[PDB]
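Quick notes on the structure that follows.
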Amino acid sequence: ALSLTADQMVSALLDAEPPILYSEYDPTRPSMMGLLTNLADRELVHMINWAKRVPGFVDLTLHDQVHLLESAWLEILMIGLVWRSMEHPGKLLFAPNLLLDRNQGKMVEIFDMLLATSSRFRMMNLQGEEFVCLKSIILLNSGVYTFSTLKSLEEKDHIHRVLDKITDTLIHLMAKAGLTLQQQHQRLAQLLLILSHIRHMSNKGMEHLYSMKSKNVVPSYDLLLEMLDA
Amino acid sequence: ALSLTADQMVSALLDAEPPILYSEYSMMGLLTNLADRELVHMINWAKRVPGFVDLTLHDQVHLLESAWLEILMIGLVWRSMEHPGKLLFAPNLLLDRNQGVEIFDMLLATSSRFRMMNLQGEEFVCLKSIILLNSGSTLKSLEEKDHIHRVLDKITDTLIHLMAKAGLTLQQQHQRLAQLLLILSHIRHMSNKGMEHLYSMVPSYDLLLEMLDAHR
Ligand SMILES: Oc1cccc(CN(CC2(c3ccccc3F)CCCC2)c2ccc(OC3CN(CCCF)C3)cc2)c1Cl
Ligand SMILES: Oc1cccc(CN(CC2(c3ccccc3F)CCCC2)c2ccc(OC3CN(CCCF)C3)cc2)c1Cl
């Protein structure tokens with residue numbers, strides 16, 4: 001996995017991309033949290049099958065894969081939602097049959113930040129290749145500071161090696177788009193600064209799910225491990 | 001601001017660095033007091049961060065209201081970098097995790113990360129100014145937002161310049177840049193958990209405006 005070229009690492013991420021799902025509702029009938037809850041639960045399954053295809057991820061122990069998924073899953077859903085919404089200014093495309101504006105999201109604070117992130121992606125003309133690299137970064141980075149045995153330290157070192165390889169891959173893509181060296185690292189910095197906004201949005205979202213104090217509203221270690229299908 | 005060279009960028013950030021404060025010569029009360037004194041120094045530091053005073057007072061208050069704990073936290077991690085397993089809130093206030101916890105360990109993990117990257121002082125002050133500018137639709141706000149993104153790009157150039165001066169290769173340059181900037185997601189994370197804890201017991205917009213809205 002540390003041996004793949006930048007072109008190969010991109011093609012692997014593009015072929016691993018999960019599908020866009022539809023919301024589960026009756027369109028002949030006149031409950032939003034339940035609809036979004038249900039949609040997120042079903043997206044989560046496809047995310048985990050995507051993560052398994054992220055080069056270097058299945059080199060980790062199953063325990064460490066679950067930990068990274070635990071820390072990252074909501075950021076990963078959110079960046080996909082924001083990517084999906086780039087072409088629909090003012091609205092969030094949770095699903096092709098569930099395009100919502102901010103007055104329906106009424107809570108609204110996170111909705112507004114997702115819309116802002118979608119705008120910035122849009123006016124940056126974020127490319128498909130770049131977006132799948134950013135998803136990989138979130139998966140590996142979000143849990144890397146919340147793991148200290150010997151083995152864990154080897155696992156952290158491997159995660160940092162793969163993150164360096166994703167960085168190289170992103171720069172390769174900007175180089176191939178014709179950007180100058182200065183423009184390459186300026187764009188790389190802009191894209192990583194947005195990931196900290198996405199982390200903030202995920203933090204507020206997780207804060208809301210934990211305040212529900214409801215057993216099956218935060219994916220458990222066992223639920224994620226089951227979806228990983230050892 | 002937009003005219004400064006990379007070297008003048010670093011010199012201004014270094015010139016503007018606030019002092020390390022001491023604790024008085026019961027724990028949460030001493031930490032609250034030390035943080036209250038640091039906040040005052042951080043306002044005048046922020047006024048000296050290129051691009052910042054070009055902003056409206058209202059935008060400056062919003063940026064500090066959003067970033068203040070992150071900035072406090074990155075300063076604490078920096079101060080603790082050379083003291084494995086301890087948080088140096090002040091030279092006379094060195095705590096270990098037993099005296100706290102979840103937040104403490106995250107802070108200790110960031111400190112350990114700085115150690116492994118051999119984080120440099122000139123790098124530290126660029127990262128702290130990125131936190132201020134980044135963490136937080138009238139024509140003027142659009143004009144502010146565009147200005148902030150421009151200053152952020154020059155700090156990126158300044159960071160690259162520092163690594164290039166040291167002798168790092170370009171591959172090592174973009175790799176280290178990404179490593180430094182991804183740490184910022186974790187500092188946002190810890191700030192949000194810290195806000196959560198403090199509300200379970202924070203400087204108001206008016207307090208911030210009062211300190212920032214100085215006379216001549
Ligand atoms: O791609 C998406 C598709 C569908 C929704 C979403 C994001 N959402 C909606 C929002 C939200 C509300 C409250 C808390 C956090 C949140 F983000 C964020 C913006 C509007 C309100 C959401 C809601 C509930 C969620 O909780 C599941 C996990 N389920 C439980 C886990 C058991 F497996 C309940 C997961 C996400 C994405 Cl990013
Ligand atoms: O450099 C530092 C110097 C002194 C303390 C700190 C950070 N802290 C201590 C810790 C903490 C962090 C996050 C949340 C709660 C917390 F306990 C850090 C890990 C364990 C305890 C802290 C304590 C009280 C606080 O209360 C404000 C509101 N007050 C400001 C309102 C004035 F109007 C002070 C502000 C931060 C830094 Cl990073």
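Order of listing sets the numbers, starting from 1, for every ligand and every atom in it. Each chain gets a letter, A, B and so on, in the order its sequence line appears, and its residues count up from 1. Note: hydrogens, waters and symmetry copies are ignored here, and every other heavy atom, side chains too, is used.
For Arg84(A), every heavy-atom contact with ligand 1 shorter than 4.0 Å involves the side chain, none the backbone. With a 4.0 Å cut-off on non-hydrogen atoms, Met206(A) does not touch ligand 1 at all.
For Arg48(B), the side chain to side chain contact (heavy atoms under 4.5 Å, CB included) partners two or more places apart in sequence, or in a different chain, are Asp15(B), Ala16(B).
Look at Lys204(A) and you'll find every heavy atom at least 4.0 Å from all atoms of ligand 1. Using a 4.0 Å heavy-atom cutoff, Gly80(A) is absent from the residues neighbouring ligand 1. Using a 4.0 Å cutoff on heavy atoms, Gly100(B) does not count as a contact of ligand 2. Not a single heavy atom of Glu196(B) sits less than 4.0 Å from an atom of ligand 2. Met33(A) counts as a contact of ligand 1, since one of its heavy atoms falls under 4.0 Å from the ligand. For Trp73(A), the heavy-atom gap to ligand 1 drops under 4.0 angstrom.
No more than 12 heavy atoms of other residues, nucleotides or ligands sit less than 6.0 Å from atom CD of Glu226(A).
Of the candidates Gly205(A), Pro219(A), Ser220(A), the one placing a heavy atom closest to atom 16 (C) of ligand 1 is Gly205(A). Across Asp41(A), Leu39(A), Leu21(A), heavy-atom proximity to atom 34 (C) of ligand 1 is greatest for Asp41(A). Considering each of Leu72(B), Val202(B), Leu108(B), the one bringing a non-hydrogen atom nearest atom 31 (C) of ligand 2 is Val202(B).
The shortest N or O to N or O distance between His208(A) and ligand 1 is not below 3.5 Å. In terms of N/O distances under 3.5 Å, ligand 1 is not approached by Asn216(A).
Near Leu107(B), the atoms of ligand 2 lying under 4.0 angstrom from a non-hydrogen atom of the residue are 18 (C), 19 (C). In summary, the atoms of ligand 2 found under 4.0 Å from a heavy atom of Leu198(B), numbered by their order in the structure, are 14 (C), 15 (C), 24 (C), 25 (C), 26 (O). Near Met73(B), meaning under 4.0 Å from any of its heavy atoms, are these atoms of ligand 2: 38 (Cl). Each of the following atoms of ligand 2 lies closer than 4.0 Å to a heavy atom of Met28(B): 17 (F).
In this pair, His58(B) and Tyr205(B) present their aromatic rings tilted. The plane angle is within the 30 to 60° band. Ring geometry for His67(A) versus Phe147(A): interplanar angle of 30 to 60°, hence tilted.
Residues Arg79(B) and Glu38(B) are paired through a salt bridge, judged by an N-O separation under 4.0 Å between the basic side chain and the carboxylate.
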